[PDB]
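Comments concern the structure below.
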Amino acid sequence: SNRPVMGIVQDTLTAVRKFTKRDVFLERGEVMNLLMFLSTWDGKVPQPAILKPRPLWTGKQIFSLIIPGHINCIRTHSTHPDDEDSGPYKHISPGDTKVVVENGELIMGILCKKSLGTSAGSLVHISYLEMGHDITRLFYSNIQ
Amino acid sequence: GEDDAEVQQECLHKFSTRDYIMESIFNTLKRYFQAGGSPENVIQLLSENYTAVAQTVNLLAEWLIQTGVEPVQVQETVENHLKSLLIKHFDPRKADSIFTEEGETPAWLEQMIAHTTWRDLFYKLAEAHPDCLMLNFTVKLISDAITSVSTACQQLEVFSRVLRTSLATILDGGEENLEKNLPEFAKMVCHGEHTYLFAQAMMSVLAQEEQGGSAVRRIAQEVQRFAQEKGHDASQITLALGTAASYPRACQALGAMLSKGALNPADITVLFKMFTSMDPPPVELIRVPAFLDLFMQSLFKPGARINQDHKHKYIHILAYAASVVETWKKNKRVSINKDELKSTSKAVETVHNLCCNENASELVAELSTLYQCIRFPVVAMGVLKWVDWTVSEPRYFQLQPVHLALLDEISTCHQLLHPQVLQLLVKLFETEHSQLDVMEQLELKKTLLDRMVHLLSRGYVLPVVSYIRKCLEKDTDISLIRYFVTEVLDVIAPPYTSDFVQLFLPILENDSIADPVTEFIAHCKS
Amino acid sequence: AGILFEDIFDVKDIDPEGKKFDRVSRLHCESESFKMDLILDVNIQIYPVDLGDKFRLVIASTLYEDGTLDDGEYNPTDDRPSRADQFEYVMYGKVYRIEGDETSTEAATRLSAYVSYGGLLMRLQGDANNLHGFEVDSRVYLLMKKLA
Amino acid sequence: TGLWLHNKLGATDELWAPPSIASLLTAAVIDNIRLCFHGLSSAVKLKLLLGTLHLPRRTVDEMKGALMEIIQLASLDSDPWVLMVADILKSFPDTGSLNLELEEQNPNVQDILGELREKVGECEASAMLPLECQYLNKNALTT
Amino acid sequence: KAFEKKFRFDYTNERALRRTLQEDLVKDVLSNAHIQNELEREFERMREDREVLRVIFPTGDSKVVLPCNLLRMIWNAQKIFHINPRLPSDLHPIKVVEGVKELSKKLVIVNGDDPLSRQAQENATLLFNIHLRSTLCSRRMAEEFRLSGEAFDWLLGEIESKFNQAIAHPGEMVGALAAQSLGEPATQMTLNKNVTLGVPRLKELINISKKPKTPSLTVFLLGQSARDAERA
Amino acid sequence: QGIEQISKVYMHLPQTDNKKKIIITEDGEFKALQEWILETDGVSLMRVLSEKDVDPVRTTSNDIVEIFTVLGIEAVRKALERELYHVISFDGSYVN
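Chains as they are written, first to last, in the authors' numbering: chain A, 530 to 673; chain B, 37 to 59, 61 to 182, 188 to 401, 404 to 444, 449 to 522, 524 to 563, 573 to 584; chain C, 2 to 149; chain D, 9 to 151; chain E, 914 to 1105, 1115 to 1154; chain F, 1299 to 1394.
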């Protein structure tokens, strides 16, 4: 069915849905711990999404390092309110329900089955079609 | 060198061309006869190609008049042809050249202006050219017989004199002719903010008169509405003009809300805290029409963005606006009635809950509490805007229309809402759907006609029959007017005042049946 | 300078569609001077803001107030005088969209610039003259300070 | 500053202040209008003086003296437009309100009042009330 | 109307070309009628392609499976070369037309030069060529994508490479692959007018039977009986 | 009256757009008209196609051997493809 046969599964799928929420904030030690497990990490700590009153990184900000290359993707979270695409807040999302990967960076949205699962057009599918099987293998392991 | 070898050929082109003798022929002939050469063959060239098109026209036009066809058809055809040729070939530079050779256009202009079509020609020519001297002079002078807004506001004195004359006509217009008397003034005021501020300040000072200045205040609010329609924020105008300066918090809050053309929980919270304080600012301060329309579209369109912790705050401020009695002891609020507040807020709350729930059958379920609660006027306005936006959806009549019944409670129980209800149904009487066929469109139209006849029975008779006359003269087929007369003469009891006959019977001349029509015509002519 | 934009805003709504994230609120703010509409997601937990507040906003290309490029990398040990010292709330994001009212015939009069500070989204709508510093896929710093 | 006012207000089709005028002004310019207020066409002078209103209340309160002097200049221009906007807007930059005893020896305002005073007095009968009265309960409505 | 508005290139409104293209390209487009005839021919063959799609897809379903994701490749071209869509582009429309033409020459499924091989080549890549000409039309390339010359060349190279990577490799046991790909969903197929479905129906289709459980005729009507319930 | 081996005939308007009468209006837009279809039990395709005021083009069966006997080998190829595509895609799953 010209789609990925394997996607992200139970615990890590629920946990990455919770991780890429808009209000996930990680302090310095937490991100320094998490980047240990990122095999493809180039060793540069990204600039935090919030510098003052305290350095904090977003879950999407850390996940953007997991996304390889410069792939670009558009999907919708499972709880995407249809009629959001018609309202004034089209390209800004109140519920953060539209996932937009841009140049290998997750700039908005909450990932779920509809963007990391086995569905055709999912992020892992585009990762395979663009970066090849090896980089997608590393992408899977790093997400896990 | 001598231009003879070129200018003589320039003239001979207009001599030997087919058919030019009848003209600048004199000027070119003078340029040639002074240039010498062969002037004898010039006349032969002029008359050689004289095809006698003019006498051909004599024969043809007099034969069309021989045919018994109306010659005024020929007049309209010739006028349309020549006027269209002028408009297609009008040059503003040459109009200004006619101005340059002499300031006042010679008698050809003053003979054209006697013709209505040429007066309309000059209107369309000069309404778009605010700097062409001929065109500006013509439009201004014809106004002395549209006054162009650029020359209306070019100085105080012209603006003031046209302003006061036009405002006198508006006040003479009563409550109907303002529609024609106000725009010519309003669009004149709505061109600049300085002419604006001046006219608004004049109308504000005029409004202090208790001998009708309420109407000048009304017209000032209407001009402010139009200034908003031209995309100009007159918020701070109304602030510094009214008693906003008496309360800076209410000033900044309200003015921000008006400048955006929308509400917000912040300014609303400011006003809520102000009216929750022991010194509530004046209820006149918030009683502004567009502001209350913002309340309507916040509480009665689907959406807008809303919090429950502020839903009641919007509701309570609107209740304070619609309920509280402040008595002025020489501009001193000394007695504050807030006793008819809580019931009004409760009714507004329940009705807004229903309206923003996007109700039909559930309306009929709680129609008891509705017609209990429409007795509140502000609630009646809110339901009116809600049912307007629901029913104004394209093809809302193919799926439930109970909503049209509710106007019966509104208009009957609130006299001053007669103008809104008819001015709602004027849109609905023009409903047209390809899905709901012309049969169903006529069904809905006849239903709305019954509503308009009921509203006529409440006394709103002059504008009803005037618009019925206008749409018959236009749109409204003779079947609809006959059904109008059927329902009317089936419900209206004699005597019939001539203020109603003067429009109802001379449009009833088209038909004679619905026999009650014969009785009506005989009684109202005898 | 490196300041793409500066203004003073006032919060006209806090969380309009109802609370959807227990630490983040979508402020809607107006500007009195430039008359820009602002939507901005703010982490209220560390920087609590309530309704009717006022604050200076600044969108800057860099923080070192010398034109020196930031390098887009976290350096906790920076001796250069940072502009962030004059502000309470500092976020770092990327402009990812610049819409406008342009037609194929005429340029835009009104522009809407969208920025994503790690997920926290901002839109800034207003006249095009004040948003000429914004260009897509460029990094920006949002510097916000409450005003008394 | 004068050519700056030209480049921000050169368009004569807009006789209004441009939206966001305080931003299309600057506090430096709020002070510096006095240098070349009388240098532009009178239309531009008017648009500037009217732009004074949309500026924030506090920003005007800080530079109230500058707008006071600018209105004093506005009361001198030959075009009566500038004279009456100065007359109306004398008090705003420091008080926050406008003049309202505006029959101020201007024969044009004298014509307006001398006609419309008695015209309104004649038209008191069936004088269409403001549009606020529709939404109010009967007690305040009568009061 | 919408198709012509969105796809037919306009070379008669100078303002649009100034907004979308650099002034030298605008003068080049407006000056000579050769390029204008080329763009007219482009739109005409796109209209022919539209009719071909209409007869192929009578149900109007635009979703279709194809090798190369042209929109994603255009987006990657935009974000690799930092295309600014706010500025006029430097890409000739004629260069777009000739580039898509030579690219379509390069995409070969069946090779040869006799009429039979050429016709089979046209038919094999008909739908993808239609999609390519519609997606990379100079109208959309100049209006909404705004790609530069180097970006467009990179895009053509990537389309060529990915298409050549998409051709079926010889020796692949497509029979077994089809058998497994059609046998796997039978393990998920269950059973809930009333019509037989699931693995009984699949059985009967493969196990071709003279006795259907629920034989039927979805018979259609054409006259007024199609809409008239009484006549039906 | 009636053709044998036809024990029941259900008449209905399909609300799903797949069986709706899809046309291209003069503007070039796809419009899905709602038209009555009849679905029967038991098949005699030659007879029902031979009937009067019956669409002889769109009328089809779910019985593949009937299609082969009456229409041919390419017709039953296409009909078999559509039938097993239907039974696969009925549950929402997709296969190439």
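Every residue, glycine too, gets a C-beta built ideally from N, C-alpha and C.
- For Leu143 (chain C), the enclosing beta strand (DSSP E) covers residues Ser139 to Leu148.
- For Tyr1383 (chain F), there is no enclosing beta strand (DSSP E); the enclosing alpha helix (DSSP H) has its first and last residue at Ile1371 to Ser1387.
- Given a length threshold of 4 residues, each whole run of the alpha helix (DSSP H) inside the segment 410-438 of chain B is given here in chain order: 411-417 and 421-435.
- Against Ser648 (chain A), chain C offers no close residue; the least beta-carbon distance is about 23 Å (beta-carbon pairs closer than 9 Å).
- Using a CB distance below 9 Å, the part of the segment 921-940 of chain E facing chain C consists of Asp923, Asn926, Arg928, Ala929, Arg932 and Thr933, ordered along the chain.
- Burial of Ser1002 (chain E) is indicated by the presence of at least 16 other C-beta atoms within 10 angstroms of its C-beta.
- What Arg347 (chain B) touches in chain C, judged by beta-carbon distance under 8 Å, is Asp14, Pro17 and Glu18, going in chain order.
- The beta carbons of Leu239 (chain B) and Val128 (chain D) sit about 21 Å from each other, so the pair does not count as a contact at 8 Å.
- Note that the segment 130-145 of chain C does not touch the segment 39-52 of chain D; fewer than 3 beta-carbon pairs, one per stretch, sit closer than 8 Å.
- Following the DSSP letters along the chain, one finds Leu283 (chain B) inside the alpha helix (DSSP H) bounded by residues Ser277 to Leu283.
- With the criterion set as a beta carbon lying under 7 Å from some beta carbon of chain C, the members of the segment 25-41 of chain D are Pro27, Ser28, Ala30 and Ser31, in sequence order.
- DSSP places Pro1006 (chain E) within a helical segment (H, G or I) once states are collapsed to three.
- In this structure, A:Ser568 is the residue among A:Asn562, A:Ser530, A:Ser568 and A:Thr543 with its C-alpha nearest to the C-alpha of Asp663 (chain A).
- A Cβ of chain E is located within less than 8 Å of the beta carbon of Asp138 (chain C).
- Residues of chain F with a Cβ closer than 8 Å to the Cβ of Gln1093 (chain E) do not exist, since the nearest Cβ in that chain sits about 11 Å away.
- By the neighbour-count criterion, in which a residue is buried when 16 or more other Cβ atoms sit within 10 angstroms of its Cβ, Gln483 (chain B) is exposed.
- Per DSSP, the continuous beta strand (DSSP E) segment holding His29 (chain C) begins and ends at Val25 to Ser32.
- Annotation for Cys44 (chain D): the continuous alpha helix (DSSP H) segment containing it runs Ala35 to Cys44.
- Sixteen is the threshold: when 16 or more other Cβ atoms of the shown chains lie within 10 Å of the Cβ of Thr626 (chain A), as they do, the residue is buried.
- Taking a C-beta distance under 8 Å as the contact criterion, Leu966 (chain E) and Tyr924 (chain E) do not qualify as a contact pair.
- Residue-level contact check: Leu5 (chain C) does not touch chain B, since none of the beta carbons of chain B fall below 8 Å from its beta carbon.
- Pairing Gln468 (chain B) with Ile261 (chain B), the inter-Cα distance amounts to about 18 Å.
- Residue pairing by DSSP places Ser117 (chain C) opposite C:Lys95 and C:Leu122 in a beta bridge.
- For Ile579 (chain A), the beta-bridge partners assigned by DSSP are A:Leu585 and C:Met92.
- Distance check between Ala1055 (chain E) and each of E:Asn926, E:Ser1030, E:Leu930 and E:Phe916 places E:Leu930 closest, using alpha-carbon atoms only.
- Relative to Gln576 (chain A), the option among C:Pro49, C:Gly68, C:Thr63 and C:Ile4 whose CA is nearest is C:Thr63.
- Its chain contains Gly536 as the residues whose beta carbon lies nearer than 6 Å to that of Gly646 (chain A), once the 5 sequence neighbours on both sides are disregarded; these appear in chain order.
- Just so you know, the alpha carbons of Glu107 (chain C) and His1005 (chain E) end up roughly 21 Å apart.
- Per DSSP, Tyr669 (chain A) is one residue of the alpha helix (DSSP H) stretching across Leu652 to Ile672.
- Annotated three-state conformation of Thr1358 (chain F) is strand, per DSSP.
- The three-state secondary structure of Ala915 (chain E), taken from DSSP, is helix.
- Contact check for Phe1065 (chain E) and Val1009 (chain E): beta-carbon distance about 7 Å, within the 8 Å limit, so the pair qualifies.
- Judged by DSSP secondary structure, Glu326 (chain B) falls within the alpha helix (DSSP H) whose first and last residues are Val325 to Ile328.
- At the C-beta level, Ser246 (chain B) and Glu226 (chain B) stay beyond 8 Å of one another.
- The beta carbon of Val1087 (chain E) lies closer than 8 Å to those of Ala1081 in the same chain, with the five residues before and after it left out.
- Put simply, the segment 1382-1391 of chain F does not touch the segment 1301-1313 of chain F. Fewer than three CB pairs are less than 8 Å apart.
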